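Every read-out reported here was derived from the displayed coordinates using simple, explicitly stated rules and does not represent laboratory data. Counting neighbours? That spans all protein chains shown, and the Cβs are built from the backbone with ideal geometry, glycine included.
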Ligand code: CLA
Ligand code: CLA
Ligand code: CLA
Ligand code: CLA
Ligand SMILES: CC(C)=CCC/C(C)=C/CC/C(C)=C/CC/C(C)=C/CC/C(C)=C/CC/C(C)=C/CC/C(C)=C/CC/C(C)=C/CC/C(C)=C/CC1=CC(=O)C(C)=C(C)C1=O
Ligand SMILES: CCCCCCCCCCCCCCCC(=O)OC[C@H](CO[C@@H]1O[C@H](CS(=O)(=O)O)[C@@H](O)[C@H](O)[C@H]1O)OC(=O)CCCCCCCCCCCCCCC
Ligand SMILES: [Ca+2]
Ligand SMILES: [Cl-]
């Protein structure tokens, strides 16, 4: 049947925590020291099979890995949704103030 | 406080799309034309009754001859517009009729807006717009403008309703 | 956004036209958005990014200079939009920045 | 033959023509026939136009689902901007109708002809020995069409931003304009409605005063109009009885007794008022908008105390935030 | 049922249009039965309330608040940052008395459908077939008589 | 298909009525496709023909 | 070489570079030295739209169409590695570039057929054992065709997928089952086929040229109607370099 | 659920406000049966005026 | 299966009998594409007479 | 309903210590805020990057914390990204870059304290308005 994949996504982990595989980059601005450098790395570094897989990003300094560990409770992960990832919408989804 | 009355009527009643309002403007706009056109037609079809350039003094406050060539005026317009008056009595009655009839029509339209019996939509249009997502007219466009007006104004324009419209419920295009 | 890791060259906007870069009617690579109407603009700050076919995706990708970024920022926040009473911005803006382009 | 060309010039300029095809007419008559014929065909059978250059065609013709009130001739694409788009600039007509080609062909020919129409309104006045200036009254409505069809587009950087050729299409032009420029709060527009309201007012004033002070020459059961013959020597109304009444309505010195001073005012008012309204659209075409009193009156602590000026801003944001849904990609609307 | 029926905006003479001809039935359709009172609740069991449609509005948004008027749930426009979507709140709907009496619905779409309906007051079951209705409100005789005479006068 | 179509009485001009207005399509409907030749047979295998 | 001004308004900018009749040589592949494509470019020449055989399945063919938009069709600035494979073949793998252009073409009836002509995520391959790239050294592979309109796009009535209205707000009390398809927006994602067959090599500077043929689906308009099959023929130009 | 004011009735209500609430065919505005409106039924009123 | 004579066309056939078999929009009576009818297309004929 | 010194009491440093501004400093800040910020920071937002605003909470979760006089002042001298892992004085007005941003030349330590104070006092007065954009206008 016909369903709005996005409105359905909001009934899962996404919609409750920062989805490492879908959620737009700006969402990382709600936690200390994640935005610029790390959010870019997280988003840029394709999907993850589990939240912890973020700790495995090649190059992460020991401090970055520390920070990531702290905020894991604010992340989750769900199937990559095209409607939410296509068009590069994770770097700019047409929303501002 | 009157400009919002205008904007309101657009947003809520889609007043501009009302047949009576249109007649209204047709009368006021058309009435402001007769005013201008007749005035100019007279000042530039005047007879010479003085030796000065400022022909204002050259006027006979005590009737007698016509101060402007009604016969010349007729021929002028009859050649530039194709149609032209030729009975000052009618030309002047016309000038009463046009703007007075206009305002009367614009009134009726509002008398209907009282009961909210507006001229908001065209049903045939909405039905096709529902089934077919690629059908777009300057009409559909306008209705969306109304939606925005209502949603963004209603809160501070109707305090007694204690409206609270979460940012996420607020209709908005892209980027803006 | 490019600094945030976005590939400007292949970015697809809502209409499917090209969020950041698109083509003009005669084939040249220009900026996207409503700004497609001003693809005839030439200027010191922007020229070094233009190639023989219009905006070069390689220069744009790594030759943007800081003086240009702040130039763009400066001019962006100083567009010739204002009110009679001299309130810079869009008719819906708030009072604060008293300015109207010469 | 007294000399063909010499004759030609005598015919053209002839004041014995049913319609005075003038010298200006020689340019007018063809340009206006192109504009009208193209319009009528467009409005009836033209296909959808991608006005906003974002590949989202807006159909505005009858045969494509429109009626008189909604239907319109859609402005050229925004991808075209201010570029000249003549039929011979398109790979095919199919491409030309899609990019809103007809619009330019229409606006350019009309504005051209409508100008010559003014030039003619002088010429005939010359050939007939009457004073000029009538054409100067017509300079106001023309200067508006110009402002709405050419000045605003030049200023805004695209013809896609010019007023559409249709009823609803015009309402769109207004609603959006207001949002981006807050025109109701601009002096020039206010003077415009003053001229228009005033016009209609005075038009009713004169009209009534005169018709009400007509010298009786008609039966009780005979049209009061017949009491006038085309080509009269004396006047058909008592301008002294007229002034007598109106002078008592308000007060003597606030009433006209000089038909010439009356008629000048009658013409001067609307034309001057509309001149400013035309200058309004032409001024706001360079983003010098109406007064912005947003968050002006604030209280002792700093809180913002709203005025009707603010309630207007909300209504404006709605229009702003909703117009051209998919056309914006960035924060500020600078186009 | 009769009593519930009067509590439906589709009988408010202030809804309608000048050229929206015919009976009120060519609009929402011939009323068949009262589906019942709809009570909306969210995961915590809290009972929500649907903000009704003021006659002024042709279209109105779906917003849900508690007794104190605090917005608890709604149907978002831009989902990008929605905090109260029916999904995130586990909103459900239950009916009492009427067609849907004793039943409950929990799948977001169905819940939102009825929520979208609650806005007009008591939810009813219409027969749109017969008169080939279009689903656009029309005014009552009270409304027409009032308009005609206000004009004539 | 075209050839088969001509062998259909619904294209015979002698069928119709004086006040049966409109195109032939308002009648039997817009032709979409040829279902095919129908061959009728009875228990004995004999082939029958429709008058 | 020509400057920007030497091309502006001529339409030349929407034209992939060309090699002269001479350049019909062959470029060598070290197989122990990584190679990449500094610039792949695709220029459309024709857009054919396979017609729906009506109900009467009679086998359908592709038909030419008029380009209703203008000279904005070309794909340029494509880039990626041209890794050499064990069996001695070559596979190109795109990374980034102007890899898509929204094209709209009309047909016999007058129907506009919009498509998102692209080659996103290209993975072209060649014949096994290809020490040197000769004339006609077929490249074949698939790519991805994302929805024409992205998530944020709103239809004339405000309805959208990632944003916009939930239903037909213009018909407050209408049955919804019929309107289902047009209210619920779906984001289509599909595969495409393309083949780049060389025609001109130039081992000297390492820049090959040729012609391509690709097939893909057109816009389904947020899943409101079925997509049309499209075939696209044109020419290409690639700049191979060691790097 | 389907009273006169839902069926775009305009004259029928003014006839009930003063007494006429039945039809010669048996039914009645209030919804009763077996009632005998006599001659002054909606039909009756309508008849009268025509004459 | 759906030629002019099924669509209640009356003038369209008389225009094909003498040559005009195409439209400025691209299609053609015989069912071909890419054809260029020139000016004398059904539209053309229709245009001419009006003038 | 007035700007009491109770409202002009904003956090001075990270260690809880506070400072109390005066109606003179406030107005002065407000004036300076217009002179060198409004251009891009009108009403607490950020035109050239709408993702980061001047909301006290936003400044609180910044890195280092910029939700106090000390914080904001440092920033106005040597600006950094939200995680602080990168100095941006080259594309953001600051003291160490007044040659590039002339408006910042006049600005003296007195001025910097006022501007900083303004940023912390505004939300106290306007509330939600200060952070959000057109939605709250
Ligand atoms: C082409 C553009 C156009 C035009 C020509 C008109 C024209 C008109 N509109 Mg209109 N309108 C437009 C666009 C336009 N509109 C748009 C875009 C909108 C937004 C949707 C509206 C919304 C709108 C509304 C909501 C209304 C109109 C109305 C009217 C009409 C009545 C105006 C009148 O004469 O007041 C005359 C004012 C009076 C009330 C007359 C009595 C006033 C006394 C005599 C004056 C006393 C003065 C005093 C002595 C001096 C003291 C003052 C002191 C300050 C000195 C008029 C026909 C109104 C109408 O239709 O009402 C019937 C109306 O309600 N319009
Ligand atoms: C209550 C009736 C009323 C009145 C008094 C006004 C009055 C006015 N409207 Mg207005 N308006 C009304 C209803 C009314 N409106 C309605 C119902 C609508 C539609 C919703 C509008 C829509 C509207 C618009 C859109 C605009 C106005 C504007 C104006 C102002 C200039 C209009 C003008 O030039 O008229 C033309 C008529 C004249 C030429 C008569 C002039 C008479 C004036 C009032 C002076 C009177 C003299 C004064 C009494 C002093 C005499 C004392 C002396 C003898 C000692 C004016 C103050 C304009 C404005 O805002 O400008 C600032 C404007 O843009 N109105
Ligand atoms: C004024 C008294 C009146 C009233 C209040 C009603 C009311 C009603 N009638 Mg009705 N009717 C009336 C008189 C009246 N009728 C008369 C005299 C007749 C005999 C012709 C009918 C015949 C009739 C029928 C046959 C039907 C109704 C129906 C209905 C109902 C549906 C409403 C409707 O269709 O609106 C329609 C309203 C309009 C379209 C508005 C008309 C406004 C016009 C267009 C304005 C014209 C402007 C003018 C040209 C401008 C020029 C002026 C300029 C030159 C200066 C409604 C209760 C229907 C019903 O049965 O419902 C089930 C129905 O089927 N009526
Ligand atoms: C005689 C030439 C002629 C012919 C052969 C046709 C034939 C046709 N037309 Mg047609 N048409 C014609 C002239 C003609 N038209 C003209 C002049 C017009 C302009 C008004 C039209 C306008 C027109 C339209 C708009 C349409 C057609 C259509 C059609 C087709 C459908 C057939 C039809 O509807 O039958 C209808 C036949 C009748 C109802 C018979 C009328 C007989 C009357 C009732 C007799 C009157 C008797 C008289 C009063 C007695 C008084 C005498 C007594 C006092 C002594 C058909 C091919 C339709 C088509 O397009 O199909 C898809 C269609 O939509 N035509
Ligand atoms: C292909 C298709 C279908 C095309 C469609 C195109 C399109 C969309 C068109 C739609 C048009 C449309 C339907 C518009 C609706 C508007 C309309 C009909 C409104 C309703 C009108 C109405 C009943 C309302 C009442 C208000 C009213 C009475 C206004 C009337 C205004 C009116 C007619 C004024 C006429 C003004 C005018 C130009 C007259 C000039 C007269 C003249 C030449 C005088 C010159 C002159 C001056 C002198 O001084 C002297 C001395 C002489 C001698 C003299 O001559
Ligand atoms: C690409 C180029 C195309 C060129 C086209 C070919 C040339 C033009 C052919 C014209 C054929 C049509 C004849 C028209 C007759 C006529 O108008 O009246 C006949 C009168 C009498 O003419 C008088 O007529 C006299 C002859 S007679 O009286 O007609 O017998 C004659 O002797 C005298 O010279 C003459 O002035 O014509 C005139 O008074 C001259 C003015 C003609 C004005 C032309 C139309 C103006 C249109 C303005 C724009 C309107 C826009 C659309 C609005 C709907
Ligand atoms: Ca097809
Ligand atoms: Cl719009």
### Query
Taking all pairs of different Cα atoms in chain E, averaging 1/r and flipping that mean, what Kirkwood radius in angstroms comes out?
16.9 Å
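Rounded to the nearest 0.05, what FRET efficiency is calculated for residue G:85 and residue A:73 with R0 set to 51 Å and r the Cβ-Cβ distance?
Once rounded, the FRET efficiency stands at 0.70.
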### Cα-only Debye scattering, the range G:82-173: base-10 log of I(q)/I(0) at q = 0.13, 0.15 Å⁻¹
-0.70, -0.80
### Task
Measure of size requested: the Rg and Dmax of chain H, with Cα atoms as the atom set and Å as the unit; please supply both.
10.9, 35
#### Entry: Pairwise centroid distance, computed over Cα atoms, of the range B:97-134 with the range D:235-297, Å
31 Å
### Query
Cα gyration tensor of chain D, axes a ≥ b ≥ c as square roots of the eigenvalues: rounded (a/c below 1.5), prolate (a/b > b/c) or oblate?
oblate
### Task
Sort the range G:51-120 into rounded, prolate or oblate with this rule: let a ≥ b ≥ c be the square roots of the eigenvalues of the Cα gyration tensor; rounded if a/c is under 1.5, and if a/c is not under 1.5, prolate when a/b is larger than b/c, oblate otherwise.
oblate
### Task
For chain J, state the average projected area of the convex hull of the C-alpha atoms over all orientations, rounded to one decimal in nm².
8.2 nm²
### Task
Extending each Cα 7 Å along its Cβ direction at residue B:131 and residue D:307, get the distance between those two points in nm, one decimal.
5.2 nm
### Task
Report the semi-axes of the equivalent ellipsoid for chain A in whole Å, largest first, where each axis is √(5λ) for an eigenvalue λ of the Cα gyration tensor.
23, 14, 12
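Can you give me the relative contact order of the range B:48-137 as a percent, contacts being Cα pairs under 8 Å and 6 or more apart?
9 percent
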### Task
Using only atoms on other chains, find how many Cβ atoms lie within 10 Å of each Cβ of peptide G:4-10 and report the average.
6
#### Entry: G:87, D:52 arranged by Cβ crowding within 10 Å, fewest neighbours leading
G:87, D:52
### Query
Hey, how many Å between the Cα centroid of the range D:71-87 and the Cα centroid of chain I?
30 Å
### Task
Can you tell me the 0 to 90 degree angle between the C-alpha axis of helix B:138-157 and the longest principal axis of chain B, rounded to 10?
70 degrees
### Query
Across the Cα atoms of chain B, what radius of gyration and what greatest pairwise Cα-Cα distance (Dmax) are found, in Å?
25.2, 76
### Query
Which distances, shortest first and in nm, link residue H:30 to the matching position in the other copies, using label points set 7 Å out along Cα to C-beta?
8.2
### Query
To the nearest Å, what is the center-to-center distance of the range F:1-48 and the range C:13-90, using C-alpha atoms only?
65 Å
### Task
With no solvent and one equal point scatterer placed on each C-alpha of the range D:1-98, evaluate the Debye formula and give log10 I(q)/I(0) for q = 0.21 Å⁻¹, two decimals.
-1.06
### Message
Compute the angle between helix C:66-76 and the longest alpha-carbon principal axis of chain C, please, reported from 0 to 90 degrees and rounded to the nearest 10.
### Response
50 degrees
### Query
Which whole-number percent gives the relative contact order of the range A:1-86, counting Cα pairs below 8 Å spaced six or more residues apart?
42 percent
#### Entry: Label point distance in nm, residue D:174-residue G:58, each placed 7 Å from Cα along Cα→Cβ
5.4 nm
### Computed helical MRE - 222 nm, the protein assembly as shown, DSSP H runs ≥ 4 contributing -39500 (n - 2.57), nearest 500
-9000 deg cm²/dmol
### Spread of Cα-to-Cα distances over 10 Å intervals beginning at zero, given as percent, for chain C
13, 38, 32, 17, 1
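If you take all C-alpha pairs in the range D:28-164, what percent of them are over 24 Å apart?
Taking all Cα-Cα pairs of the range D:28-164, the fraction more than 24 Å apart is 35 percent.
Taking the Cβ-Cβ separation of residue G:177 and residue J:77 as r and a Förster radius of 60 Å, what is the calculated FRET efficiency to the nearest 0.05?
The computed FRET efficiency comes out at 0.40.
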### Task
Find the Rg to Rh ratio for the range G:198-243, where Rh is the Kirkwood radius over alpha-carbon pairs and Rg uses the same atoms.
1.28
## Note on the structure
Per 10 angstrom bin, beginning at 0 and ending with the bin that holds the maximum distance, the Cα pairs of the protein assembly as shown fall in percents of 1, 7, 12, 17, 18, 17, 13, 8, 4, 2, 0, 0, 0
#### Entry: Approximate spin-label separation residue D:221-residue E:153, in nm, with each point projected 7 Å along Cα-to-Cβ
3.8 nm
#### Entry: Between helix E:141-152 and chain E: long-axis angle, C-alpha atoms, 0 to 90°, nearest 10
50 degrees
### Task
Using the 7 Å Cα-to-Cβ label point, sort the distances from residue H:17 to its equivalents in the other copies shortest first and give them in nm to one decimal.
6.7
### FRET E, pair residue E:130, residue B:90, Förster distance 51 Å, beta-carbon r, rounded to 0.05
0.40
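Kirkwood-based Rg over Rh for the range E:52-139 (C-alpha set), two decimals? Provide the component values of the computation, followed by the final result.
Values: Rg = 14.8 Å, Rh = 14.9 Å.
Rg/Rh for the range E:52-139 comes to 0.99.
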### Query
For chain C, what relative contact order do you get, as a whole percent, if you take Cα pairs closer than 8 Å and at least 6 residues apart?
14 percent
#### Entry: Descending principal axes extents, chain F, alpha-carbon based, whole Å
46, 22, 15
### Task
Compare the peptides J:54-67, J:77-90 by average per-residue count of other Cβ atoms within 10 angstrom and give them in order, highest first.
J:54-67, J:77-90
### Query
Over all residues in G:181-187, what is the mean tally of Cβ atoms on other chains that come within 10 Å of each residue's Cβ?
6
### Enclosed volume per residue, in Å³, of the convex hull spanned by Cα atoms of the range D:156-283
191 Å³
### Task
Write down the radius of gyration of the range D:237-305 and its Dmax, each obtained from C-alpha positions, in Å.
22.3, 67
